[PDB]
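Since the structure comes first, as structure tokens, the remarks are kept for the end.
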Amino acid sequence: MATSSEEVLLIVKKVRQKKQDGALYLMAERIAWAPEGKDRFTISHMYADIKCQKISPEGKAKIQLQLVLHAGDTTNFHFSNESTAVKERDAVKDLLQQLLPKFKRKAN
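Here it is as structure tokens:
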């Protein structure tokens, strides 16, 4: 709050997760989740606040990612529709591995 406001990266009003289907919000340092609501999110896990990353949507069901909390909490998420399980979500995850470099440098 020293410049303006938080900076979010992307939001997906449509998301499916073995628990529920709900809209997924991605923030620079965290992943948020929400259900049929307004424009906020039911939850938000700070990428640094969470540590575990598995990328399983390259040739899988239809785009599902998995992250775990330094604690013992996992975060599984999926996107999919009659025909919306593709690029859309594709880029979503594409963001995931894009911020992954913020709280965890993978390569120099």
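With the entry's author numbering applied, the sequence shown corresponds to residues 1 to 108, in that order.
By construction, the Cβ of each residue, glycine as well, lies at the ideal position given by its N, Cα and C atoms.
Smallest Cα separation from residue i: which of the options?
| i | options | result |
| --- | --- | --- |
| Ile43 | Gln64, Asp94, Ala23 | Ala23 |
| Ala34 | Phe77, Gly59, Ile50 | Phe77 |
Starting from the C-beta of residue i, find all residues in its chain whose C-beta is less than 7 Å away, skip the five residues before and the five after it, and write them out in chain order.
| i | result |
| --- | --- |
| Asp90 | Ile63 |
Per DSSP, which residues does residue i bridge with? Please list them.
| i | result |
| --- | --- |
| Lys54 | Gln66 |
| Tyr25 | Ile11, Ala32 |
| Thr75 | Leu67 |
| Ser44 | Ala32 |
| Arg16 | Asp21, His78 |
Applying the criterion that 16 or more other CB atoms from any shown protein chain within 10 Å of the CB defines a buried residue, is residue i buried or exposed?
| i | result |
| --- | --- |
| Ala2 | exposed |
| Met27 | buried |
Please work out which residues of its chain come closer than 8 Å, Cβ to Cβ, to residue i, disregarding the five sequence neighbours upstream and downstream, and give them in chain order.
| i | result |
| --- | --- |
| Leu100 | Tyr47, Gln53, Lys106 |
The segment 65 to 81 touching the segment 47 to 57, judged by at least three CB pairs closer than 8 Å: yes
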